[PDB]
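There is one chain below, alone, in structure tokens, taken in the form deposited in one PDB entry.
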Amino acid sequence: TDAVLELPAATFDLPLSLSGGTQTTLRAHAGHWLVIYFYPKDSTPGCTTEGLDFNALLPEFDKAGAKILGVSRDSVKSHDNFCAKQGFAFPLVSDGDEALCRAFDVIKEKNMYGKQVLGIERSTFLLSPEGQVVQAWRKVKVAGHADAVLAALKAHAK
């Protein structure tokens, strides 16, 4: 009833490669809130702005017991470089095969250049302590976004 998106059961057990060389899974986050923000490319203006905005709010996400994960299909090394340069204190998922992206249906098509072009659409989701996707933002506008996600999380966590 409260889910806005249904994920395949296997999604929760996908090994997610993180910046720093470890893996996580969504099921491993059971018992706490998780913010998952998908972005199209490491180290670009919009995606850097978004990451820095989430980073600045970590203490507020901590207050709510929540963890954050950023996701793109860039490599672990790209992610390590992005995290180190920007000072991010949360992990980035290297979803190189787009398995996590497809589960959340963030790979979108656009008819451009006389082609059918597929790419990551900037999107964010709130995953409850029991693994339900309870809020989604798609075609995300970076300005104000992390603030809006925090506000929604606080409203839900009650």
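Throughout, rigid core stands for the largest set of C-alpha atoms superposing within 1.5 Å between the two forms. Residue numbers run from 1 along the displayed sequence.
In at least a third of the other compared PDB entries of this protein that cover both flanking sides, residue 78 is left without coordinates.
Once the C-alpha B-factors are averaged per stretch, 61-69 and 90-98 rank with 61-69 first. For the pair 148-156 and 2-10, the mean B factor over Cα atoms is greater in 2-10. The PDB entry assigns residue 127 a C-alpha temperature factor belonging to the middle third of its chain's modelled residues. In the deposited entry, the Cα temperature factor of residue 85 places it in the middle third of its chain's modelled residues. For residue 19, the recorded CA temperature factor ranks within the lowest third of the chain's modelled residues. Annotation for residue 28: C-alpha temperature factor in the highest third relative to the rest of the modelled chain, per the entry. The deposited CA B-factor of residue 116 belongs to the middle third of values across its chain.
Not on display, but discussed next: the form deposited in another entry.
After superposition on the rigid core, the Cα of residue 117 moves by 2 Å or more between the shown form and the other one.
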